[PDB]
């Protein structure tokens, strides 16, 4: 069948959570990297970006845009979205909290230099007092290896991905959350995830200053 094709910059950005989910699901995919404003213009002018933005993923005959639409489809297609409407409600609640926190961290590099320190301190405060306690509480409530249904779901993948980003920010933030640490280890040892974390996979590195200032001028943000 058609192999999914991921259109995005050669960077983490708003495509990385899709790379994680597909890799975790054991699904082969291809990437088509946007290297210039001309590359992006061609996708727009040819009509393949509904809202003139990437990410865009070609899958099952669709040219899907909007990260949440892409992830929702992939999760359902590969049975990572729970078994019933109520499990999806828990999954959605969990992963939307993850996306809120992930959004903050995703946009810190583009923070005005004078608002940087305050923004970072707020992110760390919410991690220690709001989000990490919330997910530790879920894991402690049922004591099982997975967030929902005693079965791997997108929620485990999205959360562990975020845990790696929180580690990059500050290794100490997770220190008082032993169940989150255990989740990170177990999920990282799943064969598909273990391979994705090893070198040479589609997993992308953190944005460096040299690469940011480059695409910053090339793509007008």
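In the authors' numbering, the protein residues as written are 2 to 222. Idealized CB from N, CA, C, for every residue including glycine.
Check the C-beta distance from residue i over to residue j and give it rounded, since I have them as a contact under 8 Å.
i: residue 155; j: residue 106; result: Actually they are not in contact, since the Cβ atoms of residue 155 and residue 106 sit about 19 Å apart, beyond 8 Å.
i: residue 197; j: residue 133; result: Residue 197 to residue 133, Cβ: 23 Å. No contact.
i: residue 109; j: residue 124; result: 7 Å
i: residue 128; j: residue 66; result: Not quite, the Cβ-Cβ distance comes to about 30 Å (not below 8 Å), so this is no contact.
i: residue 30; j: residue 5; result: 4 Å
i: residue 220; j: residue 41; result: 7 Å
Taking DSSP's pairing of strands, which residues face residue i in a bridge?
i: residue 59; result: 6 and 64
i: residue 87; result: Answer is none; residue 87 lacks a bridge partner.
i: residue 32; result: 7
Return the chain-ordered list of same chain residues with a C-beta closer than 6 Å to the C-beta of residue i, the five sequence neighbours on each side being excluded.
i: residue 21; result: 158 and 162
i: residue 27; result: 193
i: residue 140; result: 180
i: residue 79; result: 26
i: residue 142; result: none
Near residue i, which residues of its chain fall below 8 Å by C-beta distance, leaving aside the five closest residues on each side in sequence?
i: residue 19; result: 7, 56, 58, 68, 71, 72 and 75
i: residue 53; result: 45
i: residue 39; result: none
i: residue 214; result: none
i: residue 130; result: none
i: residue 195; result: 189
i: residue 217; result: none
Would you say residue i and residue j are within 8 Å of each other, going by their C-beta atoms?
i: residue 175; j: residue 191; result: no
i: residue 83; j: residue 144; result: no
i: residue 200; j: residue 24; result: no
i: residue 91; j: residue 153; result: no
i: residue 17; j: residue 205; result: yes
i: residue 126; j: residue 61; result: no
i: residue 207; j: residue 169; result: yes
If you drop the 5 nearest sequence neighbours on each side, which residues of the same chain put their C-beta closer than 7 Å to that of residue i?
i: residue 146; result: 187
i: residue 51; result: 66
i: residue 137; result: 178, 180 and 181
i: residue 98; result: 132 and 135
Is there contact here, the region 156 to 163 with the region 111 to 120, by at least three beta-carbon pairs under 8 Å?
no
Counting Cβ pairs, one atom from each stretch, are 3 or more of them under 8 Å apart for the region 68 to 75 and the region 41 to 50?
no
Does the contact criterion of 3 or more C-beta pairs under 8 Å hold for the region 3 to 16 versus the region 180 to 196?
Between the region 3 to 16 and the region 180 to 196 there are fewer than three inter-stretch CB-CB distances shorter than 8 Å, so the stretches are not counted as touching.
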